[PDB]
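Descriptive analysis of the structure
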Amino acid sequence: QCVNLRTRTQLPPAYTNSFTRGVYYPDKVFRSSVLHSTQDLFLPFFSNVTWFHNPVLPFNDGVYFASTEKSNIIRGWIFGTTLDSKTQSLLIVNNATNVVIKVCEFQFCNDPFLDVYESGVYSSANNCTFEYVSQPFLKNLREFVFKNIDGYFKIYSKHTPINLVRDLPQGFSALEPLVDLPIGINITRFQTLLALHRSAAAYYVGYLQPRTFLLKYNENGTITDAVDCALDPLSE
Amino acid sequence: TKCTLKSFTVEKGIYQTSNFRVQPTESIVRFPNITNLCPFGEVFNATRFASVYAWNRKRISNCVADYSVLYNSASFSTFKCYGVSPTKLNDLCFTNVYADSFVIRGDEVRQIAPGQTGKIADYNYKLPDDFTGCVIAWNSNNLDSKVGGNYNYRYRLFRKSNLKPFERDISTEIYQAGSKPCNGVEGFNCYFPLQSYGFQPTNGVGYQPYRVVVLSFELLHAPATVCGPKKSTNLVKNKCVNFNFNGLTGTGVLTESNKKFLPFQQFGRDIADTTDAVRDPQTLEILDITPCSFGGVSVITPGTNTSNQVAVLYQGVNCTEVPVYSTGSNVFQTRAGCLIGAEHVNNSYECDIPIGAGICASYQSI
Amino acid sequence: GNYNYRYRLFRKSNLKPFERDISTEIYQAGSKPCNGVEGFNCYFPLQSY
Ligand SMILES: *[C@@H]1O[C@H](CO)[C@@H](O[C@@H]2O[C@H](CO)[C@@H](O)[C@H](O)[C@H]2NC(C)=O)[C@H](O)[C@H]1NC(C)=O
Ligand SMILES: *[C@@H]1O[C@H](CO)[C@@H](O[C@@H]2O[C@H](CO)[C@@H](O)[C@H](O)[C@H]2NC(C)=O)[C@H](O)[C@H]1NC(C)=O
Ligand SMILES: *[C@@H]1O[C@H](CO)[C@@H](O[C@@H]2O[C@H](CO)[C@@H](O)[C@H](O)[C@H]2NC(C)=O)[C@H](O)[C@H]1NC(C)=O
Ligand SMILES: *[C@@H]1O[C@H](CO)[C@@H](O[C@@H]2O[C@H](CO)[C@@H](O)[C@H](O)[C@H]2NC(C)=O)[C@H](O)[C@H]1NC(C)=O
Ligand SMILES: *[C@@H]1O[C@H](CO)[C@@H](O[C@@H]2O[C@H](CO)[C@@H](O)[C@H](O)[C@H]2NC(C)=O)[C@H](O)[C@H]1NC(C)=O
Ligand SMILES: *[C@@H]1O[C@H](CO)[C@@H](O[C@@H]2O[C@H](CO)[C@@H](O)[C@H](O)[C@H]2NC(C)=O)[C@H](O)[C@H]1NC(C)=O
Ligand SMILES: *[C@@H]1O[C@H](CO)[C@@H](O)[C@H](O)[C@H]1NC(C)=O
Ligand SMILES: *[C@@H]1O[C@H](CO)[C@@H](O)[C@H](O)[C@H]1NC(C)=O
Ligand SMILES: *[C@@H]1O[C@H](CO)[C@@H](O)[C@H](O)[C@H]1NC(C)=O
Ligand SMILES: *[C@@H]1O[C@H](CO)[C@@H](O)[C@H](O)[C@H]1NC(C)=O
């Protein structure tokens with residue numbers, strides 16, 4: 001039932017500044033009022049993050065995703081390498097009630113969209129291996145971090161109430177771990193899912209690099225401040 | 001003291017002989033409540049089983065399987081495990097399981113085995129020599145066999161070649177033994193490869209229908225997800241014991257803590273990477289760990305030349321868990337530890353044999 | 001065929017170095033006690049060549 005559209009969804013690929021966003025808890029250890037230095041994959045401070053106002057983008061080591069969501073327009077994500085039945089493909093969709101995660105050799109069309117009048121963006125669903133159902137993920141800022149290391153898919157998330165107009169605010173907010181998948185795939189590209197009825201989508205995408213950070217833990221074990229060591233000499 | 005000093009005489013002084021530590025009492029292991037059992041019920045209690053050449057294949061992953069109940073069942077005639085012992089299967093585990101279920105003859109139960117040949121072994125299902133797993137076979141004469149003949153069950157009999165391991169053939173092509181061509185009609189040199197089973201209630205043991213399920217385990221590089229439940233036990237407090245909290249092992253005394261973990265951590269460390277707090281996977285409460293006491297022991301003597309009685313000092317040890325020198329004489333508790341053998345007086349003299357914290361001992365008794 | 005050569009097949013625990021065991025007793029493989037009677041989950045530990 002999937003057909004190509006007429007107009008090209010050429011969202012303007014602008015650039016903007018990351019500031020101090022994209023910090024997540026690296027493990028499940030409790031620390032109280034202490035400074036801890038750790039080396040891992042992070043988003044560099046004051047980086048160049050791409051802004052879209054639905055192309056295929058590379059995955060690289062990890063992905064930082066941000067949405068200035070108004071009334072839940074974004075719905076899901078697709079992951080894979082060949083994006084067909086030749087190789088395993090991953091699908092995540094947050095519908096009105098639950099979240100569904102599937103790992104199958106789907107047969108996607110050339111333009112995915114959820115549609116409203118559940119899943120009909122794939123002609124076939126063969127050799128399904130992993131299935132998962134859980135509670136929903138989602139004028140709000142929705143921040144997500146996706147990583148894939150040694151057969152494990154890590155998803156971190158955070159929600160923020162913001163009143164600023166366009167760009168990312170100046171502040172600090174650590175990202176808590178959300179979901180782990182014990183599945184081994186070699187994803188290299190990914191795609192975004194919109195439930196656009198047949199009748200304008202702003203989000204931000206950034207990449208990750210390995211580096212060292214310094215984190216401060218308060219009395220209650222919450223990360224309140226961080227320092228990027230690979231920056232101006234004062235930070236070092 | 002003499003043995004450590006390697007002499008038969010000792011002069012007046014204080015010497016450090018050995019150490020002392022509290023031994024652990026018992027062990028405790030904790031684990032989550034255990035859920036998501038593997039669905040073995042619908043396989044071994046299935047109403048119907050497919051044919052031998054159309055064996056049902058089932059994938060098992062992401063669940064916990066209890067093989068103890070399967071092993072303890074006495075209703076199964078044959079339970080043969082080759083790769084591993086069934087008793088130890090509950091400990092080790094692999095990444096996925098393949099189940100092949102079908103029905104065969106009673107006399108053909110040993111066809112499906114490594115290094116075995118036969119009609120089924122060469123035309124319906126083949127098992128490799130290096131196969132690892134288990135086979136469970138049990139009689140189904142009372143259910144599968146029919147008074148009118150259970151002709152629904154069939155088996156492959158004719159094929160030019162044999163079957164590869166883990167290979168299924170369901171082809172209905174008219175087998176041509178000879179060189180005479182047949183246009184889909186069986187003739188002198190053409191026969192139907194499939195033959196129907198004729199089970200009857202009064203047939204005899206060996207020809208009766210037998211339900212057979214073969215379980216194979218595979219260990220692809222993806223993490224293992226299916227194997228036995230992790231047994232747990234109760235917990236104790238205020239006693240130096242060794243613990244295995246969700247795979248984190250260590251010894252010490254467990255107490256109730258007032259720390260407030262944030263809802264996703266599992267344990268905490270203060271500094272220098274030493275764990276101090278844990279969370280039990282069942283009650284979901286924060287416990288505090290303290291290393292149970294230890295310290296050195298020292299002896300105070302007035303010299304072998306003078307007398308032969310001594311005093312014993314345990315360094316940095318509370319005078320509550322000392323243990324022939326368990327009770328002995330009057331026992332003194334000092335800021336330097338605990339002391340047994342000497343007597344506390346109210347006077348004050350010059351210091352002969354230093355002890356610590358502003359106090360010392362001498363020989364009068366000591 | 002030679003059948004004078006037999007080897008152990010089941011044991012309660014592993015053998016110590018330079019240890020010899022010659023006892024031939026039924027093995028209680030299952031939880032059900034054999035009580036010295038061979039039956040289900042009860043086997044002779046010596047197997048021939
Ligand atoms: C939103 O997603 C949930 C989760 O998949 C849907 O609930 C399932 O719907 C299917 C439809 O056949 C049922 O088979 C499942 O039993 C349902 N599961 C649960 C837990 O309810 C739900 O229908 C979806 N709703 C919409 C509007 O798409
Ligand atoms: C369909 O799924 C099966 C298993 O679910 C795949 O079989 C695996 O293929 C890989 C490819 O090399 C092997 O390494 C594994 O040993 C196979 N067995 C497993 C994982 O149990 C099969 O490849 C899939 N088909 C397609 C077209 O992808
Ligand atoms: C850290 O934890 C402490 C301990 O609970 C929090 O202090 C409480 O704060 C609330 C509201 O701020 C008060 O109603 C309680 O009376 C406080 N408890 C005590 C013992 O004073 C504190 O708010 C938490 N957060 C920070 C940033 O310190
Ligand atoms: C098939 O069903 C029977 C009938 O319930 C199961 O046998 C039960 O096994 C449990 C296991 O401890 C016993 O407590 C029950 O007393 C048994 N019932 C009877 C009537 O004997 C059998 O386990 C099932 N097979 C599976 C689950 O594979
Ligand atoms: C694990 O299972 C235990 C056993 O049921 C759960 O403990 C129960 O907790 C409720 C909560 O008030 C009590 O009312 C019950 O009396 C407890 N059970 C027993 C036997 O005392 C525990 O909550 C479970 N935990 C998880 C994380 O599943
Ligand atoms: C040795 O242990 C005992 C008991 O654990 C300690 O006695 C406690 O001392 C505290 C502090 O004064 C009191 O609050 C408790 O009520 C005492 N408990 C008992 C049972 O008397 C004793 O202080 C310890 N020794 C040292 C040197 O601290
Ligand atoms: C981000 O990239 C754009 C184009 O690549 C560039 O014009 C802009 O200056 C960059 N911003 C930085 C480096 O902060
Ligand atoms: C992904 O592909 C690369 C190269 O094609 C290969 O080396 C790797 O093993 C693959 N991983 C998975 C999980 O398929
Ligand atoms: C102690 O030593 C002195 C000299 O070193 C000696 O005269 C005396 O007998 C000794 N005391 C004994 C052996 O009890
Ligand atoms: C003498 O010492 C004992 C303990 O050794 C003490 O209980 C007592 O009060 C002391 N008496 C005087 C007069 O100091």
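As recorded in the PDB header, cryo-EM is the method behind this entry, and the stated resolution is 2.9 Å.

The name recorded for chain C in the PDB entry is Spike glycoprotein, from Severe acute respiratory syndrome coronavirus 2.

Identification of chain B as Spike glycoprotein from Severe acute respiratory syndrome coronavirus 2 is taken from the PDB entry.

Attention now goes to the UniProt feature "disulfide bond" in chain C. Between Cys34(C) and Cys42(C), where UniProt places a disulfide, the sulfurs come within 2.0 Å of each other, which fits a bond. Judged by relative accessible area, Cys42(C) falls into the buried class, the value being 1%.

Our focus in this paragraph is the pattern of salt bridges. With the rule as written, the count across this model stands at 15 salt bridges over all chains. For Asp84(A), the salt bridge is made with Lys86(A), and the minimal N-O distance between the two is 3.5 Å. Its relative accessible area of 18% is what places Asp84(A) among the buried residues. Through salt bridges with shared partners, a single ionic network connects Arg156(B), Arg159(B) and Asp169(B).

With that out of the way, let us pick up unusual backbone geometry. Residues and elements named next belong to chain A. In this structure, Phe19 takes a positive phi of about 65° despite not being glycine. Locating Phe19 in the fold gives a position in the loop between strand 1 (14-17) and strand 2 (23-24). Residue classification places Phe19 among the buried residues on the basis of a relative accessible area of 14%. A positive phi angle, close to 60°, is found at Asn60, a residue other than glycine. In this fold, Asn60 is placed in the loop between strand 6 (57-58) and strand 7 (62-69). Overall, the relative accessible area of 49% leaves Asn60 in the partly exposed class.

Residues and elements named next belong to chain B. Counted according to the given criterion, the structure contains 9 disulfides over all chains. A sulfur-sulfur separation of 2.0 Å characterises the disulfide bridge that pairs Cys93 with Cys227. You can see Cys93 sitting in the loop between strand 4 (78-81) and strand 5 (96-105) and its partner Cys227 sitting in the loop between strand 11 (209-218) and strand 12 (241-245), a full 134 residues away along the chain. By relative accessible area, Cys93 is classed as partly exposed at 27%. Note on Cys227: relative accessible area 18%, which makes it buried.

Looking now at the interface of chain B and chain A. The interface is formed by 14 residues belonging to chain B together with 17 residues belonging to chain A. For the pair chain B and chain A, the two sides together bury roughly 1,300 Å², of which 66% comes from carbon and sulfur. Contact with chain A buries surface across chain B, with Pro223(B), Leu262(B) and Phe264(B) losing the most and accounting together for 38% of the total. Put simply, chain B and chain A have 0 salt bridges between them. It is strand 14 (residues 267-269) of chain B that provides the largest number of residues to the side of chain B that touches chain A, a total of 3 residues. Of the residues belonging to the side of chain B that touches chain A, the class tally is 5 nonpolar, 4 polar and 5 charged. Examined bridge by bridge, strand 3 (residues 29-30) of chain A and strand 14 of chain B share 2 bridges and lie parallel to one another. Across the sheet, residue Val29(A) finds its bridge partner in strand 14 of chain B, namely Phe267(B).

Let's shift gears to the pairing of strand 12 of chain B. Residues and elements named next belong to chain B. The alternating pattern of strand 12 places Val241, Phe243 and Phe245 on a buried face, while none of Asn242 and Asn244, on the opposite face, is buried. Relative to strand 12, strand 2 (residues 27-28) runs parallel, the two sharing 2 bridges. Counterpart to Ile28 in the pairing with strand 12 is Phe243. In this sheet, strand 13 (residues 248-256) lies alongside strand 12 in antiparallel orientation, the contact comprising 5 bridges. Bridged to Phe243 within strand 13 is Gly250. Counting the residues between successive antiparallel strands, the hairpin from strand 12 to strand 13 contains 2 residues, one of them, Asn246, with a positive phi of roughly 50°.

Calculation notes
- Residues numbered from 1 in each chain as written, not as in the entry; some residues may be left out.
- Chains lettered and ligands numbered in written order.
- Part of a larger assembly, values for the part shown.
- Heavy atoms only, no water.
- Disulfide = S-S within 2.5 Å.
- UniProt positions renumbered as here; feature names shortened; annotations may be inferred.
- Buried < 20%, exposed > 50% of the residue type's maximum accessible area, 1.4 Å probe, protein only.
- Salt bridge = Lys/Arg side-chain N within 4 Å of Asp/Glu carboxyl O.
- Helix = DSSP H or I, 4+ residues; strand = E, 2+ residues; numbered from the N terminus.
- Contact = heavy atoms within 4.5 Å.
- Buried area = accessible area lost by both parts, 1.4 Å probe.
- Nonpolar A, V, L, I, M, F, W, Y, C, P; charged D, E, K, R; others polar.
- Pairing = 2+ DSSP bridges.

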